[PDB]
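What follows is a set of notes on a single structure, which appears directly below.
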Amino acid sequence: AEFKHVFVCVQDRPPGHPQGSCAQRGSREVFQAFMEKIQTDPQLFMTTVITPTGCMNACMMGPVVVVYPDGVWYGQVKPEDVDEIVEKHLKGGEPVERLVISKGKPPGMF
Amino acid sequence: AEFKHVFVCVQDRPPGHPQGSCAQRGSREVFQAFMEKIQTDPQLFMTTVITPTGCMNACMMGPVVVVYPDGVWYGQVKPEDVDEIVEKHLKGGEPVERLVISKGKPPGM
Ligand code: FES
Ligand code: FES
C-alpha cells in the first residue's frame with residue numbers, strides 16, 4: 001500500500017560512556033531483526049526500507065527507532081519487539097504505543 | 001519553518017569494492033556542510049535535525065540525501081549545493097528539483 005522507512009540507531013560508544021549507546025543496549029540485533037523480518041514478507045520487502053544510522057539524540061532511551069513518514073519514535077526497543085512493530089505497525093499501520101517515546105518530532109525538541 | 005529530518009548517507013567502502021560509496025563521492029563534506037549550516041543559521045536548528053546514515057541503496061546516484069517527513073530524495077549532492085537546499089527547501093519548503101531523484105519512495109521503487 002504505502003512506503004515506510006525505518007531508521008535504527010546503531011551508534012556505538014565506549015562501555016563507561018556517560019550517555020551510553022544504542023549499540024551497547026543491543027541496537028545492532030534490533031537492526032538485523034528488522035532486516036530479516038522484512039526480507040521475509042514479499043509485501044514488506046517491496047514497501048519497506050531499514051537504514052542504520054548514527055546517534056539521533058535520545059540515547060538514554062535507546063535503542064532508538066524512528067518510522068517515517070509517520071514520524072513515530074520508539075525507544076528501549078528489544079529484538080523481541082520487532083515482530084509486533086512489523087505486524088501491528090508497518091503492516092497494520094498502528095503504532096505500538098508501549099514503546100513510543102515521541103511523535104512528529106524527536107524526544108526533547110519543542 | 002516547520003520540522004524537517006535530513007538524512008545524509010556517509011557510508012564508506014574499501015577501494016576495491018565495485019560500487020564505491022557516497023563517502024568516496026564526497027558525502028561526508030556534504031554532511032559537514034549541512035552541519036555548518038545548522039550552526040550558522042538563526043532559525044534552522046529550531047525545526048531541523050541532520051542525521052548520518054549507512055547505505056540507503058541508491059549508491060549510483062550518491063551522495064544520497066533524503067528529507068522527511070517530505071520523502072524527498074536528492075542525488076549527486078555537492079557541498080556547494082547545501083545552501084540552496086537549506087534556503088529553498090528546508091525553509092522555503094520547496095525542493096530543489098534539479099537534484100531530486102525521487103519523491104515519496106526510494107529511487108526505482
Ligand atoms: S546512541 Fe542511539 S540515539 Fe544516541
Ligand atoms: S553508499 Fe550511500 S546510498 Fe549506498
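The chains in the C-alpha cells are called A, B, ... from first to last as shown; in each chain the residues are counted from 1, and the ligands are counted from 1 in the order shown.
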Should the cut-off be 8 Å, what would the residue list for chain B against chain A look like, counting only C-alpha atoms, as a PDB file with N, CA and C atoms, in the first residue's frame?
ATOM      1  N   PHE B   3       9.315  21.424  10.604  1.00  0.00           N
ATOM      2  CA  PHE B   3      10.140  20.341  11.179  1.00  0.00           C
ATOM      3  C   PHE B   3      10.596  19.504  10.010  1.00  0.00           C
ATOM      4  N   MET B  46      15.826  25.239  14.964  1.00  0.00           N
ATOM      5  CA  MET B  46      14.531  25.187  15.634  1.00  0.00           C
ATOM      6  C   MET B  46      13.592  24.155  15.026  1.00  0.00           C
ATOM      7  N   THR B  51      20.979  13.786  10.247  1.00  0.00           N
ATOM      8  CA  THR B  51      21.467  12.506  10.739  1.00  0.00           C
ATOM      9  C   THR B  51      22.324  11.746   9.710  1.00  0.00           C
ATOM     10  N   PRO B  52      23.449  11.170  10.148  1.00  0.00           N
ATOM     11  CA  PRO B  52      24.325  10.425   9.255  1.00  0.00           C
ATOM     12  C   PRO B  52      23.859   8.974   9.176  1.00  0.00           C
ATOM     13  N   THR B  53      23.847   8.381   7.975  1.00  0.00           N
ATOM     14  CA  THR B  53      23.385   7.005   7.844  1.00  0.00           C
ATOM     15  C   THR B  53      24.340   6.086   7.092  1.00  0.00           C
ATOM     16  N   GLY B  54      24.018   4.806   7.123  1.00  0.00           N
ATOM     17  CA  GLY B  54      24.775   3.865   6.329  1.00  0.00           C
ATOM     18  C   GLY B  54      23.993   3.822   5.013  1.00  0.00           C
ATOM     19  N   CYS B  55      24.421   2.982   4.074  1.00  0.00           N
ATOM     20  CA  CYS B  55      23.771   2.882   2.764  1.00  0.00           C
ATOM     21  C   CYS B  55      22.250   2.834   2.744  1.00  0.00           C
ATOM     22  N   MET B  56      21.702   3.661   1.869  1.00  0.00           N
ATOM     23  CA  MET B  56      20.268   3.703   1.660  1.00  0.00           C
ATOM     24  C   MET B  56      19.902   3.114   0.279  1.00  0.00           C
ATOM     25  N   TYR B  68      12.813  14.009   5.298  1.00  0.00           N
ATOM     26  CA  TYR B  68      11.494  13.622   5.773  1.00  0.00           C
ATOM     27  C   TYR B  68      10.954  14.752   6.675  1.00  0.00           C
ATOM     28  N   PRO B  69       9.628  14.774   6.932  1.00  0.00           N
ATOM     29  CA  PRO B  69       8.524  13.886   6.506  1.00  0.00           C
ATOM     30  C   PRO B  69       8.248  13.948   5.008  1.00  0.00           C
ATOM     31  N   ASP B  70       8.811  14.947   4.348  1.00  0.00           N
ATOM     32  CA  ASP B  70       8.548  15.100   2.925  1.00  0.00           C
ATOM     33  C   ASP B  70       8.665  13.792   2.153  1.00  0.00           C
ATOM     34  N   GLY B  71       9.822  13.134   2.237  1.00  0.00           N
ATOM     35  CA  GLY B  71      10.021  11.911   1.488  1.00  0.00           C
ATOM     36  C   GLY B  71      10.687  12.289   0.166  1.00  0.00           C
ATOM     37  N   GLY B 104       8.487  10.498  -2.145  1.00  0.00           N
ATOM     38  CA  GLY B 104       7.559   9.570  -1.522  1.00  0.00           C
ATOM     39  C   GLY B 104       8.072   8.157  -1.382  1.00  0.00           C
ATOM     40  N   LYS B 105       8.960   7.712  -2.269  1.00  0.00           N
ATOM     41  CA  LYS B 105       9.533   6.366  -2.205  1.00  0.00           C
ATOM     42  C   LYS B 105      10.941   6.414  -2.756  1.00  0.00           C
ATOM     43  N   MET B 109      11.504   2.422  -7.072  1.00  0.00           N
ATOM     44  CA  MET B 109      10.564   1.588  -6.345  1.00  0.00           C
ATOM     45  C   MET B 109       9.162   2.024  -6.756  1.00  0.00           C
TER      46      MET B 109
END
Skip residue 4 of chain B itself and residues of its chain fewer than 6 positions away, then list as a CSV table (one decimal) with N, CA and C atoms, in the first residue's frame all residues within 7 Å of it, counting only C-alpha atoms.
chain,number,residue,atom,x,y,z
B,47,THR,N,13.8,23.8,13.8
B,47,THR,CA,12.9,22.9,13.1
B,47,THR,C,13.8,21.9,12.2
B,48,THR,N,15.0,21.7,12.6
B,48,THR,CA,15.8,20.8,11.8
B,48,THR,C,16.9,19.9,12.4
B,49,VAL,N,16.9,18.7,12.0
B,49,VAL,CA,17.9,17.7,12.5
B,49,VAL,C,18.6,17.1,11.3
B,67,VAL,N,15.0,13.8,2.7
B,67,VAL,CA,14.5,14.7,3.7
B,67,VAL,C,13.0,14.3,4.0
B,68,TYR,N,12.8,14.0,5.3
B,68,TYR,CA,11.5,13.6,5.8
B,68,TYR,C,11.0,14.8,6.7
B,69,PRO,N,9.6,14.8,6.9
B,69,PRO,CA,8.5,13.9,6.5
B,69,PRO,C,8.2,13.9,5.0
B,90,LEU,N,14.6,23.6,3.0
B,90,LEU,CA,14.4,23.5,4.5
B,90,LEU,C,13.6,24.6,5.1
For the helix (DSSP H, G or I) assignment from backbone DSSP, which residues of chain B qualify? Please present them as an MDAnalysis selection string.
chainID B and resid 27:40 44:46 59:61 79:91 97:99
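Atom pair atom CA of residue 5 of chain B / atom CA of residue 43 of chain A: separated by 26.4 Å.
Neighbours of ligand 2 at a cut-off of 6 Å, computed so that only C-alpha atoms and all ligand atoms are counted, are the residues residues 9, 11, 21, 22, 55, 56, 57, 58, 59, 62 and 64 of chain B.
In this model, the gap between atom CA of residue 75 of chain B and atom CA of residue 8 of chain B comes to 10.5 Å.
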What does the list of residues within 12 Å of ligand 1 look like if you count only C-alpha atoms and all ligand atoms, written as a PyMOL selection string?
(chain A and resi 7-14+17-28+30-31+52-66+73-77+101+106-107) or (chain B and resi 51-52)
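What separates atom CA of residue 98 of chain A from atom CA of residue 40 of chain A is a distance of 24.9 Å.
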With distances taken over only C-alpha atoms, the candidate from B:92, B:42, B:63, B:18 nearest residue 78 of chain B is B:63
Using only C-alpha atoms, which protein or nucleic acid residues come within 9 Å of residue 19 of chain B? Drop anything in the same chain fewer than 3 positions from it, and give the result as a list in words.
residues 13, 16, 59 and 60 of chain B
Selection above as a file: N, CA, C and O atoms, as a PDB file, in the first residue's frame:
ATOM      1  N   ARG B  13      33.332   2.462   1.742  1.00  0.00           N
ATOM      2  CA  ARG B  13      33.700   1.081   1.443  1.00  0.00           C
ATOM      3  C   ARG B  13      35.150   1.095   0.971  1.00  0.00           C
ATOM      4  O   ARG B  13      35.595   2.068   0.402  1.00  0.00           O
ATOM      5  N   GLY B  16      38.570  -1.359  -3.157  1.00  0.00           N
ATOM      6  CA  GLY B  16      38.337  -2.393  -4.143  1.00  0.00           C
ATOM      7  C   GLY B  16      36.894  -2.680  -4.457  1.00  0.00           C
ATOM      8  O   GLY B  16      36.611  -3.300  -5.491  1.00  0.00           O
ATOM      9  N   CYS B  59      23.224   3.938  -4.278  1.00  0.00           N
ATOM     10  CA  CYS B  59      24.646   4.212  -4.451  1.00  0.00           C
ATOM     11  C   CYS B  59      25.089   4.852  -5.772  1.00  0.00           C
ATOM     12  O   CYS B  59      26.004   5.700  -5.772  1.00  0.00           O
ATOM     13  N   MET B  60      24.458   4.470  -6.890  1.00  0.00           N
ATOM     14  CA  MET B  60      24.877   5.032  -8.175  1.00  0.00           C
ATOM     15  C   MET B  60      24.591   6.519  -8.282  1.00  0.00           C
ATOM     16  O   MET B  60      25.269   7.229  -9.024  1.00  0.00           O
TER      17      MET B  60
END
